[PDB]
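K.L.:
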Amino acid sequence: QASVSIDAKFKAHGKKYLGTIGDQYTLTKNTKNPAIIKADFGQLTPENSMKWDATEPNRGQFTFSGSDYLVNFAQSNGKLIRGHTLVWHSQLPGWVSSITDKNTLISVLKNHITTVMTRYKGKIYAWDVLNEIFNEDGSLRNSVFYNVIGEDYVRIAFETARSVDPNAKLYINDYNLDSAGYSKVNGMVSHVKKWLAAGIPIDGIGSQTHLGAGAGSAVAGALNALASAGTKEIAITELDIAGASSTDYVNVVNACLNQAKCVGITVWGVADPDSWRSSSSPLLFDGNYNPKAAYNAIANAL
Ligand SMILES: O[C@@H]1[C@@H](O)[C@H](O[C@@H]2CO[C@@H](O[C@@H]3CO[C@@H](O)[C@H](O)[C@H]3O)[C@H](O)[C@H]2O)OC[C@H]1O
Ligand SMILES: O[C@@H]1[C@@H](O)[C@H](O[C@@H]2CO[C@H](O)[C@H](O)[C@H]2O)OC[C@H]1O
Ligand SMILES: O[C@@H]1[C@@H](O)[C@H](O)OC[C@H]1O
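Quick note on my numbering: the sequence shown kicks off at 1282 and runs consecutively.
(1) Could you give the distance in angstroms between the alpha-carbon of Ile1302 and the alpha-carbon of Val1551?
(2) Say the cut is 7 angstroms; is the CB of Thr1366 nearer than that to a heavy atom of ligand 1?
(3) In this structure, what does DSSP give as the bridge partners for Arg1443?
(4) Indicate whether at least one CB of chain C lies closer than 8 angstroms to the CB of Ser1560.
(5) Tell me whether the region 1535-1551 and the region 1511-1518 touch, counting them as touching only if at least three CB pairs, one residue from each stretch, are closer than 8 angstroms.
(6) Short of 7 angstroms in beta carbon distance, which residues of its chain neighbour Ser1509, apart from the five on each side in sequence? Order them along the chain.
(7) Can you find the residues in the same chain that come closer than 8 angstroms, C-beta to C-beta, to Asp1304, ignoring five residues on each side of it along the sequence?
(8) Starting from the C-beta of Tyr1456, find all residues in its chain whose C-beta is less than 7 angstroms away, skip the five residues before and the five after it, and write them out in chain order.
(9) What did DSSP end up calling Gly1487 once you bin it into helix, strand or coil?
(10) Helix, strand or coil: which one does DSSP assign to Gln1372?
(11) Identify every residue that forms a DSSP beta bridge with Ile1546.
(12) Does the beta-carbon distance from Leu1507 to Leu1458 come in below 8 angstroms?
(13) Which value, in whole angstroms, describes the spacing of the CA atoms of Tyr1401 and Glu1440?
(14) Measure the Cβ-Cβ separation of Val1500 and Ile1579 and say whether it is below 8 angstroms.
(15) May I have all residues whose beta carbon comes closer than 6 angstroms to any heavy atom of ligand 2, sorted in chain order?
(16) Assuming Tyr1406 and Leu1361 are in contact, meaning their beta carbons sit under 8 angstroms apart, how far apart are those beta carbons, in whole angstroms?
(17) If you reduce the DSSP assignment to three classes, tell me which class residue 1259 lands in.
(18) At a cut-off of 7 angstroms, is residue 1245 close to ligand 3 when judged by its beta-carbon and the heavy atoms of the ligand?
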């Protein structure tokens, strides 16, 4: 645990949280990891336990052991929770992607959203309802949901989520929304404006922010562009930067800090060894679960 909590310092500026991710393994693999989580971060996203493959491996049969644990740990230690993720083309069981009948897929979609959301009703701050539904050019990704249901699955998913747990912030999450003017950013903005105009309950836009070295400085403009979609809020949801330089990290923190709509930042992991991009050492803590320079830089920037 770092003496100074960047979450505490971020919240001091009116932000909701500066959090990270977890699940049974990382929360129990050693003493430092969970201790770092409770001391320096104020929100948790299950790294894998809430995905479709992990929650509904077979049609109508749910497995909630991993997610229950993550939720219970967060709830027991005062951490906000971002559910992740309800509708996604990846980590999706084959039984879903093989469905060809529109009404059957809609029924399955709704039951999955309903069951997973109902179990944690009232405990989730935000839900990444939809994940990565855009192609890089801004057009809709041809996943099973898009191909079988058509664009209406967007309305269906959000409306179902809204009715199931009206207390949660409903989000659409995606990566590569990292610089203003980028085709995917333009596509995210125009689509959300349209959906919001049609009455679709989209509360926020989540920008993953999986960056390479030196890309931190363009994030501020990206957030500014995303703010034009018209959602109540936006958030950096899965932040990690190859090289984890202070300049990049502080640039990204400032990007959120200076944009009214950005409610928080979630770093995709605590320490480098547990990163899904470990070879690039993209996190705030190192192989010894000790604060890296960027962590301190962030703290001194707040
Ligand atoms: O066997 C499973 C692993 O293969 C799997 O690894 C995770 C893959 O997803 C990573 O999280 C995503 C990163 O990219 C974005 O598109 C998503 O929104 C994130 O959810 C995660 O970091 C890897 O650990 O999951 C664990 C095993 O079940
Ligand atoms: O989850 C993956 C994404 O990671 C992938 O795009 C990645 C995102 O971050 C990666 O490190 C890299 O910068 C991008 O190419 O796109 C497919 C999606 O399922
Ligand atoms: O453990 C579960 C809890 O996490 C959920 O919120 O409510 C139902 C319980 O079974």
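Here a beta-carbon is modelled for each residue, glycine too, at the ideal position from N, C-alpha and C.
P.N.:
So, to answer that:
(1) What you label residue 1302 is simply residue 21 of the sequence shown in a count that begins at 1. What you label residue 1551 is simply residue 270 of the sequence shown in a count that begins at 1. Straight-line Cα distance between these residues: approximately 7 angstroms.
(2) Locating residue 1366 in the sequence shown gives position 85, counting from the first residue. Indeed, a heavy atom of ligand 1 lies less than 7 angstroms from the Cβ.
(3) The count along the sequence shown starts at 1 and reaches residue 1443 at position 162. According to DSSP, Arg1443 bridges with nothing at all.
(4) The structure shown has no chain C; it contains just one protein chain.
(5) yes
(6) Along the sequence shown, one-based indexing puts residue 1509 at 228. Here the set comprises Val1470.
(7) To locate residue 1304, count along the sequence shown from 1; it is residue 23. Excluding positions up to five away in sequence, the list reads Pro1327, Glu1328, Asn1329, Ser1330, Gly1347, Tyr1350, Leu1351.
(8) Start at 1 with the first residue of the sequence shown, and residue 1456 comes out as number 175. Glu1413, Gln1489, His1491.
(9) Here residue 1487 refers to the residue found at position 206 of the sequence shown. Here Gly1487 sits in strand by DSSP.
(10) Numbered from its first residue, the sequence shown carries residue 1372 at position 91. Here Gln1372 sits in coil by DSSP.
(11) The residue you call residue 1546 lines up with position 265 of the sequence shown. Answer by DSSP bridge pairing, in chain order: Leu1299, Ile1517.
(12) As a first step, residue 1507 is located in the sequence shown; it is residue number 226 there, counting from the start. As a first step, residue 1458 is located in the sequence shown; it is residue number 177 there, counting from the start. Yes; because the gap between Cβ atoms is below 8 angstroms, this pair is in contact.
(13) Position 120 of the sequence shown, counted from the start, is the residue given in the question as residue 1401. Position 159 of the sequence shown, counted from the start, is the residue given in the question as residue 1440. Taking the straight line from one Cα to the other gives about 17 angstroms.
(14) Mapped onto the sequence shown, residue 1500 falls at position 219. Mapped onto the sequence shown, residue 1579 falls at position 298. Going by C-beta atoms, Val1500 is not nearer than 8 angstroms to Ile1579.
(15) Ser1371, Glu1413, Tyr1456, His1491, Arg1558
(16) Here the question's residue 1406 lines up with position 125 in the sequence shown. Here the question's residue 1361 lines up with position 80 in the sequence shown. Correct: roughly 4 angstroms between the Cβ atoms.
(17) The structure shown does not extend to residue 1259, since the chain spans only 1282 to 1583, so no value can be given for it.
(18) Here the chain has residues from 1282 to 1583 only, and residue 1245 is not among them.
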